[PDB]
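Participant: I have a structure here, written as structure tokens, and I will follow up with some questions on it.
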Amino acid sequence: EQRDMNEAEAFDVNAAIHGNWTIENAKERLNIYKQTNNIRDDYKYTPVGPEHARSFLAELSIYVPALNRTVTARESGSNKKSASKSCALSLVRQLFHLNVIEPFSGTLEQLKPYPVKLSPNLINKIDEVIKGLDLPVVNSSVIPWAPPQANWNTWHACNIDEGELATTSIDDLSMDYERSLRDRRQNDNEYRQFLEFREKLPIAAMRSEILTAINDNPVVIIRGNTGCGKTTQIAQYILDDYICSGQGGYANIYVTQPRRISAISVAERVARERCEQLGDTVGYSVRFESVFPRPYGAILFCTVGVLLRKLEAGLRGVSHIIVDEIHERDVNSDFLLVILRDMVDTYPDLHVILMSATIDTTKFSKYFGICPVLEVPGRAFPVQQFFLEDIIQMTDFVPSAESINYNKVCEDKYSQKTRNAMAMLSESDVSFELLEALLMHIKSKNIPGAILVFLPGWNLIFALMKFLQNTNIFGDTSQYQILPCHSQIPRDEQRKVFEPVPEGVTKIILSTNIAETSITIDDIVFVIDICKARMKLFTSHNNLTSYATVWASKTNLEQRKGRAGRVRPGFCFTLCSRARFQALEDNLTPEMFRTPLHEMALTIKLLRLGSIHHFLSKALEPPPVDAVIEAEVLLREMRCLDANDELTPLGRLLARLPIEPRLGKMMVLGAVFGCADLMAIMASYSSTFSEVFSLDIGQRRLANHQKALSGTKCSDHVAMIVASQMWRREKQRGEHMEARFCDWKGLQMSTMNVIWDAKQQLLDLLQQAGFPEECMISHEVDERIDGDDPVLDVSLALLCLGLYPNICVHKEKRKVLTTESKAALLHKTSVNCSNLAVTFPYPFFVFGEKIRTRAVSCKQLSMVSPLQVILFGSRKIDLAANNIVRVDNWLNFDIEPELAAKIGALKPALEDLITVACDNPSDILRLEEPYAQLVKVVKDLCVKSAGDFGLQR
RNA sequence: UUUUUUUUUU
Ligand SMILES: Nc1ncnc2c1ncn2[C@@H]1O[C@H](COP(=O)(O)OP(=O)(O)O)[C@@H](O)[C@H]1O
Ligand code: ALF
């Protein structure tokens with residue numbers, strides 16, 4: 001107990017590429033380096049999560065005098081020792097890659113082998129395919145930019161050549177726009193009222209200076225309070241200046257937003273301010289939803305990812321790019337900042353404007369070669385802030401007789417009872433009793449307005465919604481309407497936070513950080529902040545993904561406070577101590593220090609931005625060099641990069657897809673094998689954190705009806721596919737029947753819809769790349785068939801390639817073994833999870849992702865056959881003693897070594913087939929006869945019972 | 001609240 005967890009956390013996957021530096025020597029080497037260099041820095045530990053789910057973050061930064069650099073590591077672990085070991089490993093690998101320390105020169109339980117026997121006919125088919133394919137048998141550039149030019153659509157990056165915009169010049173378009181604007185300003189009463197409102201905004205007093213700075217400088221930073229008018233006013237200022245200058249058709253403005261909801265809402269706001277419908281002067285572009293404006297004199301409110309996607313076609317005809325909320329420090333935002341700095345360096349005429357309420361303006365200006373910072377004084381309306389001391393003192397709230405602690409630190413101005421209750425309340429726990437007391441006090445305030453409560457995640461949001469709906473006062477929908485605000489609730493529900501509620505009804509919005517910034521809900525008067533931010537951690541050396549609830553930053557608190565006091569005076573209720581608030585950090589750590597970088601590297605290569613190392617070095621905070629090395633090695637070994645680090649056709653195709661490169665490679669292979677529909681639906685399932693099966697209150701495992709969806713296939717992916725098929729059938733008959741079906745069978749309609757949208761988008765992208773429509777014909781799956789099913793079997797075999805190295809072997813009950821026989825458990829939400837002594841037809845499973853919890857869990861399990869594992873879910877196949885064939889250095893199979901060598905010879909054949917498919921996507925269904933024979937023999941190897949010849953199991 | 005679901009992709 002807990003030794004299995006320690007060994008699982010200490011597992012190392014990639015010590016080979018980091019100079020042979022691993023967990024069990026990293027700390028010793030780091031201590032040697034510290035003693036030699038007189039480095040006095042010591043580990044600092046951040047307790048993470050509640051008492052029952054406590055984890056740790058370990059931090060350590062070492063300054064290198066030789067490089068004039070501070071090398072930092074930021075790692076997590078189930079306990080202090082594991083977290084510190086991971087942090088030392090990260091920092092030592094960084095020092096190794098930075099050529100500060102030497103490569104490692106020193107030095108440092110087998111499974112029951114599994115019988116695999118093939119039919120003589122199948123062996124002959126394999127041999128003939130080897131003979132046919134002659135397989136050996138083992139015995140910089142910058143983004144294009146241009147000023148506006150006639151007969152060109154900026155947003156589509158293409159010529160117009162249609163309609164009557166052929167002889168229409170930009171000068172005539174400017175004249176028409178100027179005349180229309182003047183006519184509106186002279187006649188439209190609603191437009192005049194909106195200008196009257198806009199002139200009273202705090203940013204309106206500085207419009208002339210803002211426009212002067214924008215005109216005179218290529219890059220300008222704008223800092224103003226939340227709700228001052230940056231987003232809704234700067235683009236309008238620039239466009240109106242151009243239009244009234246007589247150069248209206250020479251303007252095209254990009255305004256990037258961090259959130260889809262924020263982009264859409266602000267675009268709607270600007271459109272209704274201009275008294276015109278979306279698509280005339282204001283447009284937006286988010287995922288699955290785009291309303292494009294006119295090609296000239298327009299504003300497009302997109303997200304950063306949408307802009308990065310548009311970057312491939314160039315930015316011809318773009319005059320101004322406005323980046324919002326540069327404080328978010330997202331990986332896409334940092335990418336965009338690097339691209340934009342290079343672009344303004346190349347093209348002096350392009351204008352880039354950065355605005356944020358909470359930024360280090362000096363840091364950003366130093367990054368942008370000393371650029372103006374324009375400060376917008378004042379606020380629209382004041383916001384009153386209270387802290388935990390104030391809330392307890394004014395609620396007279398004592399914690400119920402239930403079970404550096406900054407809740408013990410308090411000022412002497414507060415009552416002894418208040419400090420007692422504060423010390424008795426726990427920091428890591430969210431008290432629903434305290435929240436209810438605060439809500440009752442707000443009710444007693446007799447002040448109309450919506451309440452916005454910031455909760456870190458789905459579980460807390462819906463637990464609080466259940467608690468409040470079971471309450472007599474807050475369960476009355478005639479008085480209170482509680483609305484979730486999550487990125488994975490249905491989009492109609494996401495909208496409903498903006499719609500007004502009936503008279504006499506108070507709106508309560510329980511939200512994650514989507515409602516944190518950039519949105520204006522017009523009736524928010526009260527903001528309740530729990531001060532917790534949900535973070536997703538990933539440890540590279542053991543492939544563990546962990547969800548952490550950490551303390552939010554002062555930037556996050558100020559942005560959340562800024563949701564109120566925009567249209568009327570507001571209040572902010574911060575549910576943390578004043579001591580805790582002062583203890584908080586200014587900003588959260590950037591995602592660039594904790595996320596994998598292979599997708600970013602693929603985007604770098606797609607946009608022809610040069611070397612990955614140089615590009616990432618030019619960042620605001622350059623990423624860890626060991627992470628850069630891991631990304632490059634991954635892309636090179638998946639062959640998205642040529643031996644000269646150049647993008648291959650496969651690399652280009654995968655760079656254009658919004659999924660992981662391994663999933664994209666899996667989907668290309670599935671297109672070759674005729675199951676692209678299933679491969680796309682399963683890649684969409686593998687790329688979402690939304691849950692397919694809804695678990696009821698107190699449901700620690702799936703229900704019988706939910707489990708029966710997998711039938712006899714023993715696969716979460718098959719269960720998902722069957723659910724998707726039935727949900728499509730019931731959706732074709734109507735939305736109400738769709739909702740009834742999901743609520744009956746225990747599905748999540750939002751998950752079904754997002755999975756379908758992502759799958760459809762992948763299929764359209766494949767069609768655009770040139771793959772034929774015949775290779776993506778939908779195939780129905782009958783999970784109730786107990787036997788073989790060739791299409792589903794090849795699909796599950798391709799899951800092994802698309803989910804590598806996530807192969808686990810069942811031991812008993814929930815216990816499984818991951819790579820190198822590390823203990824793990826089956827996740828509670830899997831169809832394969834059961835309390836009884838379940839026996840599976842095969843013990844080998846492929847799973848989506850590996851989660852670190854109180855125990856290591858495997859999730860999204862799919863039962864696969866030994867031949868499928870050998871062919872696709874492995875990279876190394878070796879001959880061990882007693883003629884036992886070993887795959888991935890830990891899985892033993894009792895198969896003939898000659899047969900194993902023959903089957904392993906097909907892996908380069910599959911690689912060459914993928915290369916051929918990417919070379920000519922249109923002819924993948926009519927290949928040469930060797931490759932057609934390879935496809936057929938791979939199908940015959942991937943049938944479920946291909947390795948069951950003469951074997952009972 | 002007995003951690004299944006921070007955010008983002010023409
Ligand atoms: N949908 C809306 N309904 C009512 N008022 C709004 C709306 N959107 C914006 N406003 C008002 O316009 C002002 C400007 O908002 P915005 O430009 O988004 O500010 P910033 O970009 O500085 O956060 C806000 O203070 C708000 O009062
Ligand atoms: F600068 Al903003 F909403 F775009 F505050």
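Each chain of the structure tokens is named A, B, ... in the order shown, its residues numbered from 1; ligands are numbered from 1 in display order.
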Could you give me the residues within 9 Å of ligand 2, counting only C-alpha atoms (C1' of nucleotides) and all ligand atoms, as a ChimeraX atom specification?

Facilitator: /A:222-232,234,255-257,262-263,266,322-326,354-357,517-520,559

Participant: Please report as JSON, numbers by chain which residues of chain B come no farther than 6 Å from chain A, using only C-alpha atoms (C1' of nucleotides).

Facilitator: {"B": [1, 5, 6, 9]}

Participant: With only C-alpha atoms and all ligand atoms as the atoms that count, which of A:24, A:268, A:59, A:280 lies nearest to ligand 1?

Facilitator: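 The answer is A:268, which sits nearest to ligand 1.
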
Participant: From the list A:292, A:804, A:177, A:551, which residue is nearest residue A:580 when using only C-alpha atoms?

Facilitator: A:551

Participant: Name the residues in contact with residue A:893 at a cut-off of 7 Å, using only C-alpha atoms (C1' of nucleotides), excluding same-chain residues fewer than 5 positions from it; report them as a ChimeraX atom specification.

Facilitator: /A:113-116,884-886

Participant: If you measure from atom 1 (N, counted along the ligand's line) of ligand 1 to atom CA of residue A:522, what distance in Å do you get, rounded to one decimal?

Facilitator: 6.0 Å

Participant: Residues near residue A:181, anyone? I mean within 12 Å using only C-alpha atoms (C1' of nucleotides), not counting same-chain ones fewer than 4 positions away, as a list in words.

Facilitator: residues 174, 175, 176, 177, 185, 186, 187, 188, 191, 192, 239, 240, 241, 242, 243, 244, 245, 246, 248, 274, 275, 276, 281 and 297 of chain A

Participant: Please, which residues of stretch 803-888 of chain A, numbered as in this document, come out strand (DSSP E or B) from DSSP, as a VMD selection string?

Facilitator: chain A and resid 807 to 812 815 to 818 822 to 826 844 to 852 856 to 863 877 to 879 885 to 887

Participant: Could you save the residues just selected, with N, CA, C and O atoms, as a short mmCIF file (atom, residue, chain, number, x, y, z; two decimals), in the first residue's frame?

Facilitator:
```cif
data_model
loop_
_atom_site.label_atom_id
_atom_site.label_comp_id
_atom_site.auth_asym_id
_atom_site.auth_seq_id
_atom_site.Cartn_x
_atom_site.Cartn_y
_atom_site.Cartn_z
N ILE A 807 -1.13 0.87 -22.63
CA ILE A 807 -1.55 -0.52 -22.60
C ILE A 807 -1.44 -1.01 -21.16
O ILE A 807 -0.40 -0.84 -20.52
N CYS A 808 -2.51 -1.62 -20.65
CA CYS A 808 -2.51 -2.18 -19.31
C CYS A 808 -3.00 -3.62 -19.36
O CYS A 808 -3.80 -4.01 -20.22
N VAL A 809 -2.52 -4.43 -18.41
CA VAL A 809 -2.83 -5.85 -18.33
C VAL A 809 -3.58 -6.10 -17.03
O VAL A 809 -3.10 -5.72 -15.95
N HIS A 810 -4.74 -6.74 -17.13
CA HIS A 810 -5.56 -6.99 -15.96
C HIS A 810 -4.95 -8.07 -15.08
O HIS A 810 -4.50 -9.11 -15.58
N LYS A 811 -4.92 -7.83 -13.77
CA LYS A 811 -4.49 -8.84 -12.81
C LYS A 811 -5.69 -9.49 -12.12
O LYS A 811 -5.89 -10.70 -12.25
N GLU A 812 -6.50 -8.71 -11.41
CA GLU A 812 -7.73 -9.19 -10.81
C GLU A 812 -8.56 -7.98 -10.40
O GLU A 812 -8.01 -6.94 -10.05
N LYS A 815 -7.53 -4.21 -10.39
CA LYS A 815 -6.09 -4.05 -10.45
C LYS A 815 -5.57 -4.39 -11.84
O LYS A 815 -5.84 -5.47 -12.36
N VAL A 816 -4.80 -3.47 -12.42
CA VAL A 816 -4.15 -3.67 -13.70
C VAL A 816 -2.69 -3.25 -13.56
O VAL A 816 -2.31 -2.55 -12.62
N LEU A 817 -1.87 -3.68 -14.51
CA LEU A 817 -0.45 -3.35 -14.54
C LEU A 817 -0.16 -2.54 -15.79
O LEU A 817 -0.49 -2.96 -16.90
N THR A 818 0.44 -1.37 -15.61
CA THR A 818 0.88 -0.56 -16.74
C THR A 818 2.34 -0.89 -17.05
O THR A 818 2.89 -1.87 -16.55
N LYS A 822 3.63 -1.61 -13.35
CA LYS A 822 3.28 -0.64 -12.33
C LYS A 822 1.80 -0.75 -11.97
O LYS A 822 0.95 -0.86 -12.86
N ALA A 823 1.51 -0.73 -10.68
CA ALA A 823 0.15 -0.91 -10.22
C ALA A 823 -0.74 0.26 -10.64
O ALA A 823 -0.33 1.42 -10.63
N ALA A 824 -1.97 -0.07 -11.02
CA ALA A 824 -2.97 0.92 -11.37
C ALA A 824 -4.33 0.28 -11.17
O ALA A 824 -4.45 -0.94 -11.02
N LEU A 825 -5.36 1.11 -11.15
CA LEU A 825 -6.73 0.65 -10.95
C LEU A 825 -7.59 1.04 -12.14
O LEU A 825 -7.32 2.03 -12.82
N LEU A 826 -8.61 0.23 -12.39
CA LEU A 826 -9.61 0.60 -13.39
C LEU A 826 -10.49 1.72 -12.85
O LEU A 826 -10.93 1.68 -11.69
N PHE A 844 -5.48 -7.88 -21.87
CA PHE A 844 -4.78 -6.69 -22.34
C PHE A 844 -5.78 -5.61 -22.73
O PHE A 844 -6.72 -5.86 -23.48
N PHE A 845 -5.56 -4.41 -22.20
CA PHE A 845 -6.46 -3.28 -22.41
C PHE A 845 -5.67 -2.08 -22.90
O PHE A 845 -4.52 -1.88 -22.52
N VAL A 846 -6.30 -1.28 -23.75
CA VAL A 846 -5.79 0.03 -24.13
C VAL A 846 -6.71 1.09 -23.53
O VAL A 846 -7.94 0.93 -23.54
N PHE A 847 -6.12 2.14 -22.98
CA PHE A 847 -6.90 3.16 -22.29
C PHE A 847 -6.47 4.54 -22.77
O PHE A 847 -5.37 4.74 -23.28
N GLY A 848 -7.39 5.50 -22.62
CA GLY A 848 -7.16 6.85 -23.08
C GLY A 848 -6.06 7.58 -22.36
O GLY A 848 -5.08 8.00 -22.98
N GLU A 849 -6.20 7.74 -21.04
CA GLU A 849 -5.24 8.52 -20.28
C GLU A 849 -5.09 7.95 -18.88
O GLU A 849 -5.99 7.29 -18.36
N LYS A 850 -3.95 8.23 -18.27
CA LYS A 850 -3.58 7.73 -16.95
C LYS A 850 -3.63 8.88 -15.96
O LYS A 850 -2.95 9.89 -16.14
N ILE A 851 -4.44 8.72 -14.91
CA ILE A 851 -4.74 9.78 -13.96
C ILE A 851 -4.09 9.46 -12.63
O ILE A 851 -4.18 8.32 -12.15
N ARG A 852 -3.45 10.45 -12.01
CA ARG A 852 -2.95 10.32 -10.65
C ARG A 852 -4.01 10.84 -9.69
O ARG A 852 -4.35 12.02 -9.70
N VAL A 856 -3.35 5.50 -8.81
CA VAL A 856 -3.25 5.66 -10.25
C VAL A 856 -4.38 4.90 -10.93
O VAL A 856 -4.62 3.72 -10.63
N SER A 857 -5.09 5.57 -11.83
CA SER A 857 -6.25 4.99 -12.50
C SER A 857 -6.05 4.98 -14.01
O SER A 857 -5.37 5.84 -14.57
N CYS A 858 -6.64 3.98 -14.66
CA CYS A 858 -6.73 3.91 -16.11
C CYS A 858 -8.17 4.18 -16.52
O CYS A 858 -9.10 3.64 -15.92
N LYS A 859 -8.35 5.03 -17.53
CA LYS A 859 -9.68 5.48 -17.93
C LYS A 859 -9.85 5.32 -19.44
O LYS A 859 -8.87 5.36 -20.19
N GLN A 860 -11.10 5.14 -19.86
CA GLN A 860 -11.46 4.86 -21.25
C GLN A 860 -10.79 3.57 -21.74
O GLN A 860 -9.98 3.58 -22.67
N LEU A 861 -11.15 2.46 -21.10
CA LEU A 861 -10.52 1.18 -21.37
C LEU A 861 -11.12 0.52 -22.60
O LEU A 861 -12.31 0.67 -22.89
N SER A 862 -10.30 -0.23 -23.33
CA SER A 862 -10.76 -1.00 -24.48
C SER A 862 -10.00 -2.31 -24.53
O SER A 862 -8.77 -2.31 -24.66
N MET A 863 -10.72 -3.42 -24.41
CA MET A 863 -10.12 -4.74 -24.50
C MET A 863 -9.62 -5.01 -25.91
O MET A 863 -10.34 -4.83 -26.89
N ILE A 877 9.97 -5.35 -29.98
CA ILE A 877 9.68 -6.77 -29.85
C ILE A 877 11.01 -7.51 -29.82
O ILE A 877 11.78 -7.44 -30.78
N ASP A 878 11.27 -8.22 -28.73
CA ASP A 878 12.55 -8.88 -28.52
C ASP A 878 12.34 -10.35 -28.20
O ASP A 878 11.30 -10.76 -27.69
N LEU A 879 13.36 -11.15 -28.51
CA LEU A 879 13.39 -12.57 -28.19
C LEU A 879 14.13 -12.75 -26.87
O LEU A 879 15.32 -12.44 -26.78
N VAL A 885 8.66 -14.29 -26.38
CA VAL A 885 8.78 -13.03 -27.09
C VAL A 885 8.28 -11.90 -26.20
O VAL A 885 7.20 -12.00 -25.61
N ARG A 886 9.08 -10.85 -26.08
CA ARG A 886 8.80 -9.75 -25.16
C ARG A 886 8.53 -8.48 -25.96
O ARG A 886 9.32 -8.13 -26.85
N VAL A 887 7.43 -7.80 -25.65
CA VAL A 887 7.07 -6.54 -26.30
C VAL A 887 7.03 -5.45 -25.24
O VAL A 887 6.57 -5.67 -24.11
#
```
